[PDB]
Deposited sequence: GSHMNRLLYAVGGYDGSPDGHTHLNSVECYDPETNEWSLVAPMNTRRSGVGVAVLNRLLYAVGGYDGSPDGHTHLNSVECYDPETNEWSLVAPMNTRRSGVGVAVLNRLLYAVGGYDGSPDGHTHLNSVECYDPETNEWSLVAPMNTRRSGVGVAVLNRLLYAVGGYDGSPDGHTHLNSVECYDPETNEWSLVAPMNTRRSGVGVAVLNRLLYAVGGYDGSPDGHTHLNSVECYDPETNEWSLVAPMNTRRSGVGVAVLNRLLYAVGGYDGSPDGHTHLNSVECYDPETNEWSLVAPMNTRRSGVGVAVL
């Protein structure tokens, strides 16, 4: 019942290992223990009441680039511990939990001799501490939003940055673990990479992102929601701020949009602001800002 913001990038030019958590009862953000590794474009999810940070990028001057390492945070010890690394280095990776496994979906391996956007997918079993590749998606996607609903895993939008492809996606695909198959479903209204996705009231919400198509919308404040029962996407109220590379999660039946980046006359502004959406009112309200500006930030509730 706390909202955690993990890692990200502060381009006001820092890759972050710090972590902070938000208490809706106090409307305050507090720093907790930092990760072992700086991680921009990091995926995060909760499994067995532990917070996992998956992949990312460390663009600071050192021997790291795009990361296959994974670490685990225990709130009782306030410690991050390395666990099994992934099969693949992935930044801009979507992470979600399905059937007691943690899935890492897509992403980008920009390391030397990697240089690729990924359609591969792998899953982590905490009982064995191992990652296994599963069926790949139909489309390579980095900056992909992922979420689970009705025992199906959705990959929403993203970017295929293959030089001959270079497409910001409105398509959406659905993985059934029973068949190990990915199927395309209804596409969004808007192409979105760096999109935040979360589930609220049995609807998938796609929040913000970036439309990098030619003469497209660029940074997005728009929000759309998907009902698996109808297999259709509908626009709902837009955010106060345009947010690309935004992190989202649901807490006390409210949808939180955390951080991100927006355009500015000098390039990009990286955001420490936070807002929350009430489906009952269809309105977005700003709440307390984070201690640190963070885009490419992992957000989850524990």
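Gaps between the deposited sequence and the modelled coordinates occur at 1-5, 18-20, listed in sequence order.
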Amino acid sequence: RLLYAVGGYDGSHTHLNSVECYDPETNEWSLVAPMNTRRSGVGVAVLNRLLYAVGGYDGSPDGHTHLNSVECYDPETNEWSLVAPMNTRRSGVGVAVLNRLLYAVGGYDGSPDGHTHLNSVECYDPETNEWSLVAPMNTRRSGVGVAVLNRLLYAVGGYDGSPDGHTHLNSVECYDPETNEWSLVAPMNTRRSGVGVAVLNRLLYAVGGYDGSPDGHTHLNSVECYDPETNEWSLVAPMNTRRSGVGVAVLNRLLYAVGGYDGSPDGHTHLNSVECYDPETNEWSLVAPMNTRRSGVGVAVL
From here on, numbers count along this sequence of modelled residues.
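Averaged over CA atoms, B-factors in the entry run higher in 175-183 than in the other of 151-159 and 175-183.
Comparing the deposited coordinates for 110-118 and 142-150, the stretch with the larger average C-alpha B-factor is 110-118. As recorded in the entry, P126 carries the highest CA temperature factor of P85, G208, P214, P126.
Within the selection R242, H66, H270, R49, the deposited Cα B-factor values reach their highest point at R49. In the PDB entry, a CA B factor belonging to the lowest third of its chain's modelled residues is recorded for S18. Sort the modelled residues of the chain by CA B factor and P75 lands in the highest third. When the modelled residues of the chain are ordered by C-alpha B-factor, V274 sits in the middle third. Looking at the C-alpha B-factors along this chain, the one for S40 belongs to the lowest third. Compared with the other modelled residues of the chain, the Cα B-factor recorded for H219 ranks in the middle third.
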